[PDB]
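Structural features, examined
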There are 2 protein chains.
Amino acid sequence: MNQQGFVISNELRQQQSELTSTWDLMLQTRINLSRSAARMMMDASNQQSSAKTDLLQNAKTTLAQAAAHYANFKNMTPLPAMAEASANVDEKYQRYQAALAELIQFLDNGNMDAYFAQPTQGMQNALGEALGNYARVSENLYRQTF
Amino acid sequence: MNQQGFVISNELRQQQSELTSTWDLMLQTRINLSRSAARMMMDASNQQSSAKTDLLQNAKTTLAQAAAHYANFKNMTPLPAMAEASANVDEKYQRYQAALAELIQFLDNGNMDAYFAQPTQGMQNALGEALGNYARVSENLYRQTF
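Judging from the entry metadata, X-ray crystallography is the method by which this structure was determined, and 1.85 Å is the reported resolution.

Right under this line is the structure:
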């Protein structure tokens, strides 16, 4: 229907929002984990809450928040035009969320070797790429509506 | 003019694009610097290009790319409705771009102490916040046009 433009617009609006929230968060989680891993050597110092003192904790919350965000995005059924794009993103998200979930495990148990061996970058890049696509396909939509 | 909707739309389209590119990049630069700082201790190993071996180099390019992006955004005069928002973002960007430029200096000269003392987070958060505003004000625009 004519007036339905807004309901199908705000939907494609929130799909983009929380999606950019997820990325912003996993991107902030990887930096938090590095601040913990970096300081888990010569410049340790802090004894109160050893290991999980400050940034490790902040990196558990940031992933938790990115999980909460995406959970909504996945809750919304993708438009027929965006089905193949949404899936590509979902898959790429699975790998990277997992990668970070394991980096948190690694930092919890002092597994530095494991930490620095996982090729986290490729999985981050794989997700960004899928994101740029979804966005392209997504913006195109409105342009194919004005 | 009536048809001008597209020229004023695509403009507010690219302003948002390259702006999200900048953030994505500084967010990727801080993670690169941590990978370098983290490994600039027990798990060094690599002798080819010591210090500036891999991630330090990648972190110079990512900032360089984020600089290139924003340079465009700043090149575009802000709409009367977005002037006060664009400025708030500019300022907050100045602090954080600088913060990262110095973390690169720190990692180049082995200044680990300086590296872990700068309160990078507050400046990142200060920028994200200003970004959420600009976005709000920016999205509102089209909604105040449909």
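Remarks on the packing of helix α1 (residues 5-39) of chain B against helix α2 (residues 55-75) of chain B
All names here are of chain B. Orientation of α1 relative to α2, taken along the N-to-C sense of each, is 160°, at an axis distance of 8 Å. The angle between α1 and α2 places the two elements in the roughly antiparallel class. Relative to α2, the crossing made by α1 is left-handed. Along the lines of polarity and charge, the residues of the contact of α1 with α2 split into 12 nonpolar, 12 polar and 2 charged.

A few points about the packing of aromatic side chains
Going through the model one piece at a time under the given rule, you end up with 13 aromatic pairs over all chains. Ring centres of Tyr142 of chain A and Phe146 of chain A lie 5.0 Å apart, and the angle between their planes is 65°; on these two criteria the pair is classed as edge-to-face. When its relative accessible area of 35% is taken as the criterion, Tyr142 of chain A is described as partly exposed. With relative accessibility at 41%, the residue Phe146 of chain A sits in the partly exposed group. Members of the aromatic cluster, each reached through a chain of ring pairs, are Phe6, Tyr142 and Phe146 of chain A together with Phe6, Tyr142 and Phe146 of chain B.

Reading the values: the criteria
- Residues numbered from 1 in each chain as written, not as in the entry; some residues may be left out.
- Chains lettered and ligands numbered in written order.
- Heavy atoms only, no water.
- Axes fitted to C-alpha atoms, helices over the stretch in contact; angles between N-to-C directions.
- Helix = DSSP H or I, 4+ residues; strand = E, 2+ residues; numbered from the N terminus.
- Parallel < 35°, antiparallel > 145°, perpendicular 65-115°, else oblique.
- Left-handed = near helix turned anticlockwise from the far one by under 90°.
- Nonpolar A, V, L, I, M, F, W, Y, C, P; charged D, E, K, R; others polar.
- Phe/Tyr/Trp six-rings, centres within 6.5 Å; stacked < 30°, edge-to-face > 60°.
- Buried < 20%, exposed > 50% of the residue type's maximum accessible area, 1.4 Å probe, protein only.

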